[PDB]
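Note sheet for the following structure.
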Amino acid sequence: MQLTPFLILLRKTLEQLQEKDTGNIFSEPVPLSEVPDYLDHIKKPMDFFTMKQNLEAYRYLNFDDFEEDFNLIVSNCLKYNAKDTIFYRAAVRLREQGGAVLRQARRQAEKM
Ligand SMILES: O=c1[nH]ccc2ccccc12
Numbered sequence: 628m629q630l631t632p633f634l635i636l637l638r639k640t641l642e643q644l645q646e647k648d649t650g651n652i653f654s655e656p657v658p659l660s661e662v663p664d665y666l667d668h669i670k671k672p673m674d675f676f677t678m679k680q681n682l683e684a685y686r687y688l689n690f691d692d693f694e695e696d697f698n699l700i701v702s703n704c705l706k707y708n709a710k711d712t713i714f715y716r717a718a719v720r721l722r723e724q725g726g727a728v729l730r731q732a733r734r735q736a737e738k739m
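Here it is as structure tokens:
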């Protein structure tokens, strides 16, 4: 497999995932200044901006490593927030809508 088309695919996929996060609550790192206890519970914070940075730093050379960090966005949010919150529901919705985006993107990677 060639690097350039793969990274083009991942860029598109990340844009598509970001589109599902309509409130943009996962666009940037959880502000540790406003959520001071966040690192007490969450071992590896993740967000779409950080994913973009990782993508361009060649930290995603296969689909699984890409998907693993997306899954962290979801799981961190489910872990930190109570079930009766907007944030928790948003993570559930992102898991649902994102999974479909991921399945289609992976099929296109596998054709490479
Ligand atoms: O774990 C989180 N992900 C995205 C937003 C957020 C906001 C407050 C607390 C946790 C999170």
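In the authors' numbering, the protein residues as written are 628 to 739. Where is the CB? At the ideal position from N, CA and C, for every residue including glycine.
Reduced DSSP secondary structure (H/G/I, E/B, other) of residue i
i: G650; result: coil
i: residue 818; result: Residue 818 falls outside the range modelled here, since the chain spans only 628 to 739, and no answer is possible.
i: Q629; result: coil
i: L659; result: coil
i: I669; result: coil
i: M739; result: coil
Pairwise C-alpha distance: residue j and residue i
i: residue 741; j: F697; result: For the chain, the structure presents residues 628 to 739; residue 741 sits outside this window and is missing.
i: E723; j: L641; result: 15 Å
i: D664; j: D692; result: 27 Å
i: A732; j: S660; result: 35 Å
i: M628; j: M739; result: 6 Å
i: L682; j: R730; result: 18 Å
i: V657; j: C704; result: 10 Å
i: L699; j: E737; result: 23 Å
Neighbour-count burial assignment, residue i, 16 or more Cβ in a 10 Å radius
i: residue 571; result: This structure leaves residue 571 out entirely; the chain is present only between 628 and 739.
i: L666; result: exposed
i: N689; result: exposed
i: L630; result: exposed
i: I635; result: exposed
i: residue 740; result: Nothing about residue 740 can be read from this structure; the chain reaches only from 628 to 739.
Can you list, in chain order, the stretches of the beta strand (DSSP E) that have 3 or more residues and sit fully within the segment 681–731?
Those beta strand (DSSP E) runs which fall completely within the segment 681–731 and span 3+ residues do not exist here.
Below 8 Å, how does it come out for the segment 709–718 and the segment 669–677: are there three or more Cβ pairs, yes or no?
Counting Cβ pairs under 8 Å, fewer than three are found: no touch.
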